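Letter by letter, the chains look like this.
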Amino acid sequence: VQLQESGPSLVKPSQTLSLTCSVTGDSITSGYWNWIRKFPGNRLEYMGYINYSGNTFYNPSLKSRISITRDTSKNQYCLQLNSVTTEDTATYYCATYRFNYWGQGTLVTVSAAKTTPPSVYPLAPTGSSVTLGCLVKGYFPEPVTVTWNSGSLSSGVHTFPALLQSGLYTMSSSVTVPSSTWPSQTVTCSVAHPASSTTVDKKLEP
Amino acid sequence: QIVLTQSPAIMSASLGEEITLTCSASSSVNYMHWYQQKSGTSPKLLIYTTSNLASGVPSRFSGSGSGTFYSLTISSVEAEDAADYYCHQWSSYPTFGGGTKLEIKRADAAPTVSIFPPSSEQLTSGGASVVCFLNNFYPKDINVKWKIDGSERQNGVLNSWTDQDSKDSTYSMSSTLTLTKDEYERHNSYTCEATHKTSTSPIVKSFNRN
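Per the conventions used, each chain is numbered from 1 along its written sequence, independently of whether this matches the entry, and residues without coordinates are not displayed. Each chain is given a letter, starting from A, and each ligand a number, starting from 1, according to the order in which they appear as written. Only hydrogens and water are removed before side-chain values are computed, so all heavy atoms of the structure are retained for them. Residues with missing side-chain atoms are left out of burial classes, side-chain pairs and their counts.

- For this entry, the PDB record names X-ray crystallography as the structure determination method and reports a resolution of 2.59 Å.

Right under this line is the structure:
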């Protein structure tokens, strides 16, 4: 079973937050299909579900402004949250019955500010191994995903969490490869920033 | 809303140990779910309905308890067990516990230090960031010192720690010294120093703008 959250990453305050969960592998005509969100500080909050027969159940504290619908013909179910505030800024997940399998989740931020794309700066310098990197700077909002060579190097990659600076975010990613690999073979970091719909591909030069 | 308290906030464990994580409820709960969330991935169901092992989960996990007190037990703790653990109750108002982080203990390790000069791109934009990577060390406690032409620098530095690595139980840090292009080209030598408890003699990486 695979679940996939999709939808905007920015929602202006007092507007309506909408997200779709695409389910593949099983049909949403069985079991239970939940929405869950996570705040900074390891705080999980259950939102609600829609079940096999279309019945819904919502968190009592969210019931007045939440709606969960479904499209059986697409095997997808949707989340709708009205009148969002800063307090609604969180990472939204969709999960199956008993929260067995989750989606990758998506970070939605409530703000009226514009999206600012990240600048991607390469990090390059002997040794049997070489440490390369990319500096991702001056973006808003969170998050970004940095992948090296289409996930071929996930082992040896370090993803350093973003920190806030002057209203803009900055993170970095490092990768370590045999000295034989680079720069004999091309090593490229791909930085995705879904909020600004931007993808930056920086090749590491010696 | 039923409050679920998890004690302790942070649990320390050694390889091969058997640990118990606890979840205290403000009122009686019929059954308890348990969830593991490693870094970079989504939460995963470990135990459902108090004591039932979920699919794709090793037998070294076991859940016990009843009423207002429930336990999660992990036998033969491996490095991959480094994660956050949440308990969960289902009622008219479902809630999660605050979570318990499992830190893995291991042999001390020195950081391999790498230093990087500002990119040609950033300089063109008029900015200058000097980055220093301190990868795969233990324990987490460590200080980084930036020296510009001999003089220590504290303004314009930002440090970011990774979560504990699930493979080798180590930690990594990224130190970034950000300046203006003018400020960067106002000096020549740039140095980052790593002082870790694995050695009284710091690890030094440097370069010259020349």
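Read on for the rest.
## With respect to the overall build of chain A
Here's step 1: Secondary structure follows DSSP: runs of H or I at least 4 residues long count as helices, runs of E at least 2 residues long count as strands, and numbering of each begins at the N terminus. From N to C terminus, chain A includes 0 helices and 17 strands.
Here's step 2: Viewed in the frame of its principal axes, chain A has a C-alpha envelope of about 65 × 40 × 30 Å.
Here's step 3: In this scheme, a residue with accessible area under 20% of its type's maximum is buried, one over 50% is exposed, and one in between is partly exposed, where area comes from a 1.4 Å probe on protein chains only. By the burial criterion, 47% of the 206 residues in chain A qualify as buried.
Here's step 4: All accessible-area figures derive from a Shrake-Rupley calculation using a 1.4 Å probe, and residue coverage is judged against the displayed protein chains alone. In the structure as shown, chain A presents an accessible area of about 9,400 Å², 48% of it carried by carbon and sulfur atoms.

## Overview of the sheet that holds strand 14 (residues 143–148) of chain B
Residue and element names in this part refer to chain B.
Here's step 1: In short, DSSP must find at least two bridges between two strands for them to pair. Taking strand neighbours across the sheet as the criterion, the 4 strands line up as 15-14-18-19 in an open arrangement whose pairing is antiparallel. A strand with exactly one partner marks an edge of an open sheet, and here the two such strands are strand 15 (151–153) and strand 19 (203–208). Pairs of neighbouring strands in the sheet enclose a mean axial angle of 25°, with direction left out of account.
Here's step 2: Sheet analysis places strand 14 next to strand 18 (residues 189–195), joined by 6 bridges and oriented antiparallel. Paired with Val144 across the bridge in strand 18 is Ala194. Only C-alpha atoms enter the line fits that serve as axes; for helices the fit covers just the stretch in contact. Angles between N-to-C directions range over 0 to 180 degrees.

## A closer look at the interface of chain B and chain A
One widely used convention gives an interface's size as the accessible area the parts lose upon coming together.
Here's step 1: Here, residues are in contact when the closest pair of their heavy atoms is within 4.5 Å. At the junction of the two partners, chain B supplies 40 residues and chain A supplies 40 residues.
Here's step 2: Of the roughly 3,300 Å² buried between chain B and chain A on both sides combined, carbon and sulfur atoms contribute 61%.
Here's step 3: Salt bridge, as applied in this entry: a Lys or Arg side-chain nitrogen positioned within 4 Å of an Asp or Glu carboxyl oxygen. Counting across the chain B and chain A interface gives 1 salt bridge.
Here's step 4: Among the salt bridges present, the one from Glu121 of chain B reaches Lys202 of chain A, with a minimum N-O distance of 2.9 Å.
Here's step 5: Between N or O atoms, a polar contact is any pair within 3.5 Å; within protein, one atom must be a potential hydrogen donor and the other a potential acceptor, and residues adjacent in sequence are included only when both atoms are from side chains. For the interface between chain B and chain A, the tally reads 13 residue pairs in polar contact.
Here's step 6: When residues of the side of chain B that touches chain A are traced back to their parent elements, those giving at least two are strand 4 (32–37), strand 5 (44–48), strand 9 (84–89), strand 12 (112–116), helix 1 (120–125), strand 13 (127–137), strand 16 (157–161) and strand 17 (171–180) of chain B. As a working definition, buried area equals the accessible area (1.4 Å probe) given up by two parts on being put together, with both sides summed.

## A short note on the pairing of strand 15 (residues 168–178) of chain A
Residues and elements named next belong to chain A.
Here's step 1: Sheet topology places strand 12 (residues 129–139) next to strand 15; 10 bridges connect them, and they run antiparallel. Of the residues in strand 15, the one forming a bridge with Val136 is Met171.
Here's step 2: Where strand 14 (residues 157–165) meets strand 15, 7 bridges bridge the pair, whose relative direction is antiparallel. Residue pairing across strands places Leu164 opposite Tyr169, the latter belonging to strand 15.

## With respect to the pattern of salt bridges
Here's step 1: Counted under the stated rule, the structure contains 15 salt bridges over all chains.
Here's step 2: Linking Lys167 of chain B and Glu80 of chain B is a salt bridge whose minimum nitrogen-to-oxygen distance equals 3.9 Å. Of this pair, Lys167 of chain B sits in the loop between strand 16 and strand 17 while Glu80 of chain B is found in the loop between strand 8 (69–74) and strand 9, placing the two residues 87 residues apart along the sequence.
Here's step 3: Residue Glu80 of chain B is classed as partly exposed on the basis of its relative accessible area, which comes to 22%.
Here's step 4: A salt bridge links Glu183 of chain B to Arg153 of chain B; its shortest N-O distance comes to 3.8 Å. Taken as a pair, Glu183 of chain B in helix 2 (residues 181–184) and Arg153 of chain B in strand 15 lie far apart in primary sequence, 30 residues in all.
Here's step 5: According to the relative accessible area criterion, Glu183 of chain B is buried, its value standing at 17%.
Here's step 6: Overall, the relative accessible area of 26% leaves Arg153 of chain B in the partly exposed class.
Here's step 7: One salt-bridge network, in which partners are shared between bridges, spans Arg37, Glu45, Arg65 and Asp88 of chain A.

## Thoughts on the packing of aromatic side chains
Here's step 1: By convention, a stacked pair of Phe, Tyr or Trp rings (six-membered ring in the case of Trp) has centres within 6.5 Å and planes under 30 degrees apart, an edge-to-face pair has planes over 60 apart, and any other such pair is tilted. Applying the stated criterion to the full structure yields 24 aromatic pairs over all chains.
Here's step 2: Pairing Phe99 of chain A with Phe96 of chain B gives two aromatic rings, centres 5.8 Å apart and planes at 25°, and the pair type is stacked. With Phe99 of chain A in the loop between strand 9 (90–95) and strand 10 (106–110) and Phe96 of chain B in strand 10 (residues 95–96), this residue pair bridges two chains. For the pair shown, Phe99 of chain A and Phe96 of chain B are each scored as buried.
Here's step 3: Only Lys NZ and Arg CZ are tested; either one counts as a charge over a ring when it is within 6 Å of the ring centre and within 35 degrees of the ring normal. Positioned above the aromatic ring of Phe39 of chain A is the side chain of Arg43 of chain A, whose terminal nitrogen or guanidinium carbon lies 4.1 Å from the ring centre.
Here's step 4: The ring of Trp161 of chain B has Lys140 of chain B lying over it, and the distance from NZ or CZ to the ring centre is 4.3 Å.

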